[PDB]
2 protein chains.
Amino acid sequence: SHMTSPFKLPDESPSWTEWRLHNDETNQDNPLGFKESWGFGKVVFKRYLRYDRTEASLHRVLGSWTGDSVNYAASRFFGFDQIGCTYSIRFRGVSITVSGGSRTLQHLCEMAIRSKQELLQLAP
Amino acid sequence: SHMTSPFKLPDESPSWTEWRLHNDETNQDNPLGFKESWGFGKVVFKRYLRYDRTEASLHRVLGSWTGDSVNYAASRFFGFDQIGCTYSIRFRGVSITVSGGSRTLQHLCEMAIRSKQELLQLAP
RNA sequence: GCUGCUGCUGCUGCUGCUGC
RNA sequence: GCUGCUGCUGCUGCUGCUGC
Ligand SMILES: [Mg+2]
Ligand SMILES: [Mg+2]
């Protein structure tokens, strides 16, 4: 039923071989990147994104979704009753989740973006 | 079995009558405060704190836990295997949760504090 | 990195009761 | 505001399998 995703960048999950190779070359503080997801009701969209802790890379992955792209994907699932909406992100052993009802989506996005930036800039 | 809390401020949950009164006087954007919790393994500590969106109030409630008060409370429950640790806060219809294993507690506290400040400064 | 599952706190949305 | 429950995605920790 091909769904519009909130994401503006394609998934970059490593293959199992690429993951083994990265592991032989390096440590949980320097993974290949991070995982993030958006959930609206019972539908979830997920991304693995490469991230290397540079300014350029930060800027690139911050661009993976916007308030507008989230609203566009989310509103496919809206009606009279509120549904639940959840952003989640995992990096270096820490998961941050931001959730609330669909009436609060704009506030959710604003808190999701700040969490994502702060987590990705976590000092080692 | 009276447990040491990660919290430095006592609970301020309103009574049902105080809540009804506040409701007659005012709207979900101006609650009496916020709720936060700290979970270590299966034990949870909770607080309802009064908050009025002023600088003085923000300063007061940011003092309800620190990295040290959290580590003191948490370490009671530690051993060789990791346990799961979770901070959560809810204000104005948004929940943030920050979790991970006991090996990442410091990082959890750093992210928890930032989420708490950002959420409590959420522009209406 | 992924799919699948077992035990174990918690979270969103909805639903109803307590005083309640 | 609280206690208790019903249905419904997700999250931490632990456990094992996939290629896997
Ligand atoms: Mg995730
Ligand atoms: Mg809570």
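Residue numbers start from 1 in every chain, and the chains themselves are labelled A, B, ... in the order their sequence lines are given, proteins ahead of strands.
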S.K.: When you check the phosphate oxygens OP1 and OP2 of D/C2, does a side-chain N or O of B/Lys35 lie under 4.0 Å from one of them?
M.R.: yes
S.K.: Measure from CG on B/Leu119 to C1' on C/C11 and round the result to the nearest Å.
M.R.: 14 Å
S.K.: Starting from the 5' end of RNA chain D, give me the residue, B/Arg103 or A/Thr86, whose nearest nucleotide shows up first.
M.R.: A/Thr86
S.K.: Is it true that B/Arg50 and B/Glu18 make a salt bridge, defined as a side-chain N closer than 4.0 Å to a carboxylate O?
M.R.: yes
S.K.: Taking atom P in both D/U9 and C/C5, what distance in whole Å separates the two?
M.R.: 13 Å
S.K.: How does RNA chain C read in dot-bracket, base by base from 5' to 3', with Watson-Crick or G-U pairs under 3.5 Å and | used when the partner is on another strand?
M.R.: |..................|
S.K.: NZ of A/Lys46 versus P of C/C2: gap in Å, rounded?
M.R.: 9 Å
S.K.: Checking all strands, does B/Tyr48 fall into the base, sugar-phosphate, or nothing category for heavy-atom contacts under 4.0 angstrom?
M.R.: sugar-phosphate
S.K.: Within a reach of under 6.0 Å around CD of A/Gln117, are more than 12 heavy atoms found that belong to other residues, nucleotides or ligands?
M.R.: yes
S.K.: Can a side chain N or O of A/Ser95 be found less than 4.0 Å away from OP1 or OP2 on D/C11?
M.R.: no
S.K.: Taking all heavy atoms of B/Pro124 and all of B/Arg92, pick out the closest pair and write down the distance.
M.R.: CA-NH2, 2.9 Å
S.K.: For A/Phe78 and C/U12, what is the distance between atoms CZ and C1' respectively, to the nearest whole Å?
M.R.: 14 Å
S.K.: Could you tell me how far apart B/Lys42 (NZ) and D/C14 (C1') are, to the nearest whole angstrom?
M.R.: 12 Å
S.K.: Nearest whole angstrom, please: distance from the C1' of D/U12 to the CH2 of B/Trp38.
M.R.: 12 Å
S.K.: What pairs of residues pass the salt bridge (charged side-chain N to carboxylate O under 4.0 Å, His left out) test when at least one of them lies in residues 54-75 of chain B, not counting sequence neighbours?
M.R.: B/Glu12-B/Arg60
S.K.: Please report, rounded to the nearest Å, how far the P atom of D/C2 is from the CG atom of B/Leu49.
M.R.: 12 Å
S.K.: Could you check how far CG of B/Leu108 sits from P of D/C11, rounded to whole Å?
M.R.: 17 Å
S.K.: Count the heavy atoms of every other residue, nucleotide or ligand shown that sit under 6.0 Å from CZ of B/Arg76, and state whether that count exceeds 12.
M.R.: no
S.K.: What integer distance in Å separates A/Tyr87:OH from C/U12:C1'?
M.R.: 16 Å
S.K.: Under 5.5 Å centre to centre and under 30° between planes: does that hold for A/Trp16 and the six-membered base ring of D/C20?
M.R.: yes
S.K.: Apply the test side chain to side chain donor-acceptor pair (under 3.5 Å) to residues A/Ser99 and B/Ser95: give CA-CA distance (whole Å), side-chain angles for both, the deciding distance (0.1 Å), then the verdict.
M.R.: CA-CA 5 Å; A/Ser99 25; B/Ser95 300; 5.4 Å; no
S.K.: Quick one: sort the B/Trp65 and B/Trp38 rings into parallel, tilted or perpendicular, breaks at 30° and 60°.
M.R.: perpendicular
S.K.: How would you label the contact of A/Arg20 with the nucleic acid (heavy atoms, under 4.0 Å): base, sugar-phosphate, or nothing?
M.R.: nothing
S.K.: When the ring planes of B/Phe40 and B/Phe45 are compared, do they come out parallel, tilted or perpendicular, using 30° and 60° as the limits?
M.R.: tilted
S.K.: When you match A/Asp81 and A/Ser13 each to their closest nucleotide on RNA chain C, which lands nearer the 5' end?
M.R.: A/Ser13
S.K.: Are any of A/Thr97's side-chain N or O atoms less than 4.0 Å away from OP1 or OP2 of C/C11?
M.R.: no
S.K.: Where each residue is assigned the nucleotide of RNA chain D containing its nearest heavy atom, which of A/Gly41 and B/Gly101 is assigned the position nearer the 5′ end?
M.R.: A/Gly41
S.K.: Regarding A/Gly39, tell me which of base, sugar-phosphate or nothing describes its non-hydrogen contacts under 4.0 Å with the strands shown.
M.R.: nothing
